[PDB]
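Take a look at the structure set out below.
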Amino acid sequence: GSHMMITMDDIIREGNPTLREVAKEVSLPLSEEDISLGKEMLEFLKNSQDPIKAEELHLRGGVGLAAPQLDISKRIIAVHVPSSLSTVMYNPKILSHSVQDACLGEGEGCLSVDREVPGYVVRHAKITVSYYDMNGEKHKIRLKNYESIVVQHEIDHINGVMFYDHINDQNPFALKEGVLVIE
Ligand SMILES: [Fe+3]
Ligand code: NA
């Protein structure tokens, strides 16, 4: 059997135009190229979260990844939130969301941006996402808090949006009334 392994050098950095492009919708049934890319994206996240592996493979921990970060302008994202959501989503799409807002108190990370960016990124506390798995099955799941934030951060990627685009540079920690900060 064979497969490629994502290395930190395969992950493009802020400044690369591919990160600003609206990714392309993928065709169904899924090609094997697309199925393999997903398995590759998911193996990465899991490996980056395992001390021994992450260290030997020199990987920076992550909980979500989008194809554009690998310089592949396709609507594919993977998430491995440490308990529990672990899956690859093809052509993900948010159908609805809560009024209630939330944000990560420690701020959002991004394997593609090396600089530190102060501020809070306000997002929807709850969302309903529809997507296709590697088997072609369609899904509709309700997510919230950390997982909702992760998926929102990843889908932004397939639409060419970076997390700091949501941060008011002059009022970085601006928060409306009632925002839930997770941390
Ligand atoms: Fe990111
Ligand atoms: Na690759």
TODO: Filter segment 85-133 down to residues that are buried (at least 16 other Cβ atoms within 10 Å of the Cβ) and of a type in the set (D, E, K, R) and give me whichever is nearest to ligand 1 (Cβ to nearest atom).
DONE: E108
- [ ] Identify, by number, the condition in (1) outside any strand (DSSP E or B); (2) closer than 22 Å to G105 by Cβ that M134 doesn't meet.
- [x] (2)
Task: Which numbered condition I76 fails, given (1) under 26 Å from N168 (Cβ atoms); (2) β-branched (V, I, T); (3) under 14 Å from the mean Cα position of the chain (by Cα) - done: (1)
- [ ] State all residues of segment 40-84 that are more than 16 Å from ligand 2 (Cβ to nearest atom), of a type in the set (G, A, S) and surrounded by fewer than 19 Cβ atoms within 10 Å (Cβ to Cβ); if no residue qualifies, say none.
- [x] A54, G61, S83, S84
Open item on the list: Can you tell me which condition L28 does not meet? The list is (1) within 13 Å of the chain's Cα centre (by Cα); (2) surrounded by fewer than 20 Cβ atoms within 10 Å (Cβ to Cβ), and all the others hold.
Closed with: (1)
Task: Subset of segment 99-131 that is assigned to a loop (DSSP other than H, G, I, E, B) and charged (D, E, K, R) - its residue that is farthest from ligand 2 (Cβ to nearest atom) - done: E106
TODO: Would you mind telling me which numbered condition in (1) outside any loop (DSSP other than H, G, I, E, B); (2) under 16 Å from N159 (Cα atoms); (3) in contact with a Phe, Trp or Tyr (Cβ under 9 Å, 6 or more places away or on another chain) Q69 fails?
DONE: (3)
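For (1) touching a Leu at 6+ places or on another chain (Cβ under 6 Å); (2) under 19 Å from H139 (Cα atoms); (3) part of a strand (DSSP E or B), each residue gets a yes or a no:
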site: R13; (1), (2), (3): no, no, no
site: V22; (1), (2), (3): no, no, no
site: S36; (1), (2), (3): no, no, no
site: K39; (1), (2), (3): no, yes, no
site: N91; (1), (2), (3): no, yes, yes
Open item on the list: With charged (D, E, K, R) and under 25 Å from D50 (Cα atoms) as the only criterion, which of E177, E108 stands out?
Closed with: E108
Open item on the list: Tally up the residues in segment 43-84 that are more than 16 Å from ligand 1 (Cβ to nearest atom) and closer than 22 Å to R142 by Cα, please.
Closed with: 3
- [ ] Taking the residues in segment 161-180 that are under 19 Å from the mean Cα position of the chain (by Cα) and within 14 Å of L104 (Cα to Cα) as candidates, determine which candidate is nearest to ligand 2 (Cβ to nearest atom).
- [x] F163
Open item on the list: Considering only residues that are surrounded by 18 or more Cβ atoms within 10 Å (Cβ to Cβ), under 25 Å from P17 (Cα atoms) and among the aliphatic types (A, V, I, L, M), which ones fall in segment 134-161?
Closed with: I149, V150, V151, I155, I158
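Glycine also receives a Cβ, built like all others from the backbone with ideal geometry; neighbour counts cover every protein chain displayed. Bear in mind that the values in this text are calculations on the coordinates, not laboratory data.
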